[PDB]
C-alpha cells in the first residue's frame, strides 16, 4: 500500500500556496482524496497532466484545479466542502477551516 507522506507538504501550483498535513486527516480514508480513476485510487499529484491541470480558477470541469479544492456539490468532497460540514454552525471554525483569508489554509 502507498504510504502517507510527511506533514508540511506545500501545494504550490498557484500564488496562494497552502500546506497540507496528512496527520490531521488520518480519520479520512485515503481514497476520499486520492479518489478512484478508471476504478483505481489514483495517488498522483492532483494537477498531473490530464487530471486537475486547468489553472483557470473559474473552470468547473473535471480539470479545474481551483474547483477541486474549493467547491461544494462535487463527487468527492473538496477541501472547503468537507471543512464546511466539519465547522457546522460554529462561526469560529468556519473562519478557521473555510475562510478565504485569515484561515488555516490562507493567511
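Positions refer to the first chain, counted from 1.
*Asks:* When the Cα temperature factors in the entry are averaged, is it 54-62 or 22-30 that ends up higher?
*Replies:* The stretch with the larger average C-alpha B-factor is 22-30.
*Asks:* Where does residue 49 sit by CA temperature factor within its chain: lowest, middle or highest third?
*Replies:* It falls in the middle third of the chain.
*Asks:* Considering every modelled residue of the chain and its Cα B-factor in the PDB entry, is residue 72 in the lowest, middle or highest third?
*Replies:* Top third by C-alpha B-factor.
*Asks:* With respect to C-alpha B-factor, does residue 1 fall in the lowest, middle or highest third of the chain as deposited?
*Replies:* For residue 1, the deposited C-alpha B-factor lands in the highest third.
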